[PDB]
Amino acid sequence: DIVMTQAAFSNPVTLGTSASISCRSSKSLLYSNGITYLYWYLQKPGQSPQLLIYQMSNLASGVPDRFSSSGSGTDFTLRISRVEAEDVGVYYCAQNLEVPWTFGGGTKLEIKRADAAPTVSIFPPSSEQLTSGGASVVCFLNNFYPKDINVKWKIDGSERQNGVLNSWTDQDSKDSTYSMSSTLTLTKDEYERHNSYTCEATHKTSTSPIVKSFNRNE
Ligand SMILES: CO[C@@H]1O[C@H](CO)[C@@H](O[C@@H]2O[C@H](CO)[C@H](O)[C@H](O)[C@H]2O)[C@H](O[C@@H]2O[C@@H](C)[C@@H](O)[C@@H](O)[C@@H]2O)[C@H]1NC(C)=O
């Protein structure tokens, strides 16, 4: 079978400038009839893949001329002109010169927007979770860029790393920001043995961490 190779990540692209997604095939995709059997699909965050370009030079319905594909029989690039925030997602190349259809690994397009610092919220366990015996503490960091960010938990002044897990959203379709939750998972019993709960978010927008704290007994 034919192998389609593409890089997982792109250089972050500025709104209004040009993005390029590369793809290469293990065999030429140019058939003796003059058609190159290359396709481009876009998978947007939370959605199924959808066709952008078919057989190199055809624009799928409702796709603007901003998208264009060119290349040889083996080396291809998708060009996206005047990229908009809603262009974010994973771009897949594909071939059906031969059976079976095969797909590249996908390349994520990232929007390079101006840095933005996170808005930080801390959430003590609710009475409902406590009734269940659980005491997850959540620190939410909302609408920041770029994606890389560090959260530190302090419990009564001592750093806590065990039981802490971080998870991000995808880049937002409109404001091109990320959000992430840091969750400290504790039992009610563990939770009720300390008073002060702090999360500290370190991001490149500042040298000072943004710090949120609460006291369990308030
Ligand atoms: C080995 O030949 C290729 O086989 C693939 C998979 O069967 C064909 O793709 C399917 O074609 C049928 C129609 O024959 C339907 O369109 C399916 O949805 C396709 O998955 C290749 O056929 C080419 O590509 C299709 C999208 C059509 O445009 C078709 O006319 C083309 O020939 C077929 N490719 C070649 C080089 O023969």
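Residues numbered from 1 in each chain as written, not as in the entry; some residues may be left out. Heavy atoms only, no water.

This deposited entry lists X-ray crystallography as its structure determination method and 1.80 Å as its resolution.

Just checking my understanding: could you explain the site of the ligand for this structure?
In the vicinity of the ligand, the contacting residues are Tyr31, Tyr37, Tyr39, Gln55, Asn96, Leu97, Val99 and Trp101. Contact between the ligand and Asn96: an oxygen atom at 2.9 Å from a side-chain N or O atom of the residue. In the model, an oxygen atom of the ligand is placed 2.9 Å from a nitrogen or oxygen of the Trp101 side chain. Burial of the ligand by the protein amounts to 41% of the accessible area it has alone, namely 660 Å². Grouping the constituent residues of the shell around the ligand by class yields six nonpolar, two polar and no charged. (Near = heavy atom within 4 Å. Polar contact = N/O pair within 3.5 Å; in protein donor to acceptor, adjacent residues only side chain to side chain. Areas by Shrake-Rupley, 256 points an atom, 1.4 Å probe, with all protein chains shown as cover. Nonpolar A, V, L, I, M, F, W, Y, C, P; charged D, E, K, R; others polar.)

How do you make sense of the state of the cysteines when you look at a structure like this?
A covalent bond between the sulfur atoms of two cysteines is what we call a disulfide. Enumeration over the complete set of coordinates arrives at two disulfides. Covalently, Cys23 is tied to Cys93 through a disulfide, its sulfur atoms 2.1 Å apart. Classification of the bridge connecting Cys23 and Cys93 rests on its S-S torsion, roughly 70°, and on that basis the disulfide is right-handed. Residue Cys23 is found in strand β3 (residues 19–25), and its partner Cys93 is found in strand β9 (residues 89–95); the two are separated by 70 residues along the sequence. Each sulfur of the disulfide joining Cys139 and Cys199 lies 2.0 Å from the other. Disulfide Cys139 to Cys199: torsion about the S-S bond roughly 70°, handedness right-handed. Remark: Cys199 occurs in strand β19 (residues 196–202) and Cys139 occurs in strand β14 (residues 137–144); sequence separation between them is 60 residues. Given the relative accessible area of 0%, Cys139 is considered buried. Taking relative accessible area as the criterion, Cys199 reaches 0% and is therefore assigned buried. (Disulfide = S-S within 2.5 Å. Helix = DSSP H or I, 4+ residues; strand = E, 2+ residues; numbered from the N terminus. Buried < 20%, exposed > 50% of the residue type's maximum accessible area, 1.4 Å probe, protein only.)

What should I look at first to understand the sheet that holds strand β7 (residues 67–71) in this one?
Read across the open sheet, the four strands follow the order β1-β3-β8-β7; overall the sheet is antiparallel. The open sheet has two edge strands with one neighbour each: β1 (4–5) and β7. When β1 meets β3, the two strands line up antiparallel, connected through two bridges. Bridging across to β3, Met4 finds its partner in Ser25. (Pairing = 2+ DSSP bridges.)

Could you clarify how one ought to interpret the packing of aromatic side chains in this entry?
Two measures describe an aromatic ring pair: the distance that separates the ring centres and the angle between the ring planes. Evaluated as defined, the whole model comprises seven aromatic pairs. Note on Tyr197 and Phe214: the rings are 5.4 Å apart at their centroids and 15° apart in plane angle, and the pair reads as stacked. Placement of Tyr197 in strand β19 and of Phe214 in strand β20 (residues 210–215) is noted, with a sequence separation of 17 residues between them. On the basis of relative accessibility, which here comes to 0%, the residue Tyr197 falls in the buried class. The buried category is assigned to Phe214, whose relative accessible area is 12%. Every member of this aromatic cluster is reached through a ring pair, and the members are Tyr39, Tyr41, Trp101 and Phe103. (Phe/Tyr/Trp six-rings, centres within 6.5 Å; stacked < 30°, edge-to-face > 60°.)

Explain the side chain of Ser69 here, please?
Examined against the element boundaries, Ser69 turns out to sit in strand β7. Residue classification places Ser69 among the buried positions, given a relative accessible area of 15%. A distance of 2.9 Å separates polar atoms of two side chains, one belonging to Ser69 and the other to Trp40. Residues in contact with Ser69, not counting those within four places in the same chain, are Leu38, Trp40, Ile53, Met56 and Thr77. (Contact = heavy atoms within 4.5 Å.)

What's the story with the sheet that holds strand β18 (residues 178–184) in this structure? I'm lost.
Strands in a sheet are paired, the pairing made by backbone hydrogen bonds, and the direction either parallel or antiparallel. Strand order in the open sheet formed by four strands is β13-β14-β18-β17, with antiparallel pairing between adjacent strands. Either end of the sheet is taken by a strand with one partner, and the two such strands are β13 (119–123) and β17 (164–168). Averaged over all adjacent pairs, the angle separating strand axes in this sheet is 15°, with direction ignored. Bridge count for β17 against β18 is five bridges, and the pairing is antiparallel. Paired with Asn166 across the bridge in β18 is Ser182. (Axes fitted to C-alpha atoms, helices over the stretch in contact; angles between N-to-C directions.)

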